[PDB]
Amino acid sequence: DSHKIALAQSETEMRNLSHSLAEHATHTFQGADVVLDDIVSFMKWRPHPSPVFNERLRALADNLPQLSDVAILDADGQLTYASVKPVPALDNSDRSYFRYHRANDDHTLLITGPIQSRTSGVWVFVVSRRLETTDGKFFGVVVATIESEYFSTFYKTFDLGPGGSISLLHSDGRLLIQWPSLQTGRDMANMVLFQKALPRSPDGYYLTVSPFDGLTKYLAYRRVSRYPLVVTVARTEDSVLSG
């Protein structure tokens, strides 16, 4: 079959494409990790900068295309600095990421979402790091909002036919972004991807039904190296229809 050779190369392109998408995720989060880390350090020996720092944060944010904004919370969960202004110095100690860093001494970029951003009102995912004093006791929290448009914009650069689709998901089924629908936040754990494929392995290729448009397509997926994320690429196969 001609149709067989062509399906095999298509599977090959999909499997590579998933590999590229996974790295892009890795590199993008890494980028962000590095920046939050500059901040862990500043805070460490500057543990009370002046209102100038808000400008520094605003500069920093406008320079990371993947982070919409950045903020600091002190050791009581109170927002002390931000790239936004005015600066909403509210109490956010209820927030899970805050609770998590206060309880655990570790350096993981934490990914949390979806939540309704206390700086912009938009439903977003967010990334965060524990602040520490030179003694390394808890000192609060840098959090930054993941700019989801950064991913969808990259995702649309790919020629996938009508029906083409890319998603970025959390290892646990939470959807961070999906192209072209633009959905985000929803819980996709019932997908086959999470019920059977990921438990069996960490990619990667099979036939399935899109939950976004109901179409049948081949899907390739791959765990994102170094963060609990998964990427998926899908395309309708092609036929006829109708009747």
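Each residue number is its position in the shown sequence, starting from 1.
Between 231-239 and 216-224, it is 231-239 that carries the larger average Cα temperature factor according to the deposited entry. The stretch 154-162 shows the higher mean C-alpha B-factor when 85-93 is compared against 154-162 in the entry. Of the candidates 167, 148, 117, 104, it is 104 whose Cα B-factor is highest according to the PDB record. Annotation for 199, 180, 185, 51: 51 ranks highest, by Cα B-factor.
Placement of the Cα temperature factor of residue 76 within the chain: middle third of the modelled residues, per the deposited record. Residue 206 sits in the middle third of its chain by CA B factor, as recorded in the PDB entry. The PDB entry assigns residue 68 a C-alpha temperature factor belonging to the middle third of its chain's modelled residues.
Sort the chain's modelled residues by C-alpha temperature factor and residue 29 lands in the middle third, per the entry. In the deposited entry, the Cα temperature factor of residue 121 places it in the middle third of its chain's modelled residues.
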